[PDB]
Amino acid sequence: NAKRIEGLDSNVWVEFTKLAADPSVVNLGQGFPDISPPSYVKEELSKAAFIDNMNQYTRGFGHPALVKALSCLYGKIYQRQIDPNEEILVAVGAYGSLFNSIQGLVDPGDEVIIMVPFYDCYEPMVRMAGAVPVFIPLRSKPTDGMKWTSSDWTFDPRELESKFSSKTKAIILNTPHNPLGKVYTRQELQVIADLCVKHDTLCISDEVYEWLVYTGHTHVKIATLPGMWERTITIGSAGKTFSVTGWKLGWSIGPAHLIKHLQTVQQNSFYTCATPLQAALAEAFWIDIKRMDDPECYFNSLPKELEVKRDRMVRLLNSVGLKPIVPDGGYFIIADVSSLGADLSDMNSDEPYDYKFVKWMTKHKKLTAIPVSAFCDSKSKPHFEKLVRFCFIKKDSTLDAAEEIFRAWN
């Protein structure tokens, strides 16, 4: 094994080849949706399948229809003209966009700043490229007495200021957040922008959940803020946008002197992405782009159809004494697990408290979920190990199955 991958062989999700295998259990664990995709999405794949060229190679950096379209949608969003060939790069999912960014822009010895809990791949990527990850936790604030929400989490500008030294290359930001479903505010985002201009650092912005915003909140992109355009890579995904997680396409949007670097990583790695997938995706995009103002547009329709599902979950968890944190965005929900009962000597491993709960709730309650501690640096886990993550981009069928379990908990 090569030095650069030393001690990167434990992956957290490989490890969840633990009980989810069961049949008789409802799985609210992985971000694996079971709603049907928008039927036209499935259409276009078929249609793409039958055209010979759409089965042979395409522009290495993105199928020309697909990039033209990304161009169109996103420059509506940025209020700017976005070059399809120079400011976009299509990669194998958001994962492969994250990886093109880190490998392309970050050396041995740099520090990359990461907010905990983090989507878990941010750490090993940054460690694969020889950098030192630097951690800052999100912290609770007094709620409004009434309920618990993602907005009651936030970060201390003076702590953040202090992680920036002359060794910081980049800060990874992910909004809407996974796992808490925080939507960063214009003010929170402005602190991060201030610091990157001041230290001249990159921001890499994981926005795969961008359309998933609920009432009372707005996805805002840091790349839009004064002075960010030319120091930011913003990442999207087809998986999130069209409930087609199995296609594994996303895109980095950004200025040319940064994008060309990611293009270099790509041509030296995977080069080209699948054509039938990108042909079909472009079409799926155009269909929705021509109806943005309309409640049919998958952009407007899916968060509206997801908010109800979010609420069913808050209830199902209040109903059994799990304290839910209600998410501004994305399709996850964390619940505080700690003011429930039980027993957890059965185990007497001292792997974290939530892993123990999750196994207990799998065996005893026929329900799985993800321990929030998986997404936490070692240092940080004690402070999040009573938190457990649940996923709700599920079909009614499945949320009934779930509601039975809950109904029947006590």
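Note that the rigid core is defined as the largest set of C-alphas that superpose within 1.5 Å between two forms. From 1 onward, residues are counted along the sequence shown.
Problem set entry | Positional deviation of Cα atoms in 6 other deposited structures of this protein after core superposition, greater for 7 to 15 or 385 to 393 | So, of the two stretches, the farther one in 6 other deposited structures of this protein is 7 to 15.
Exercise. Quick one: higher average CA temperature factor, 1 to 9 or 399 to 407?
Worked result: Averaged over C-alpha atoms, the B-factors run higher in 399 to 407.
For this session: Higher average CA B factor in the deposited record is what I'm after, so tell me if that's 314 to 322 or 101 to 109.
Result: Per the PDB entry, the higher value belongs to 314 to 322.
Problem set entry | Peak C-alpha temperature factor (PDB record), options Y57, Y355, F375, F61 | Reading the PDB entry, the winner on C-alpha B-factor is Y355.
Exercise. At the C-alpha atoms, which of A48, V67, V41, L367 reaches the highest B-factor in this entry?
Worked result: Comparing C-alpha B-factors across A48, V67, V41, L367, the top value belongs to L367.
For this session: State the tercile, meaning the lowest, middle or highest third, of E159 with respect to the CA B-factors recorded for its chain.
Result: Middle third - that is where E159 ends up once the chain's C-alpha B-factors are sorted.
For this session: Among all modelled residues of this chain, ranked by Cα B factor, put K304 in the bottom, middle or top third, i.e. lowest, middle or highest.
Result: It falls in the top third of the chain.
For this session: Taking the values exactly as deposited, rank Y122 by C-alpha B-factor within its chain and report the matching third: lowest, middle or highest.
Result: Tercile = lowest for this residue's CA B-factor.
Exercise. Relative to the other modelled residues in the chain, which third contains the C-alpha temperature factor of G216: lowest, middle or highest?
Worked result: Highest third - that is where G216 ends up once the chain's C-alpha B-factors are sorted.
For this session: Grab the CA temperature factor for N268 from the record and place it in the lowest, middle or highest third of its chain.
Result: According to the entry, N268 has a C-alpha B-factor in the chain's lowest third.
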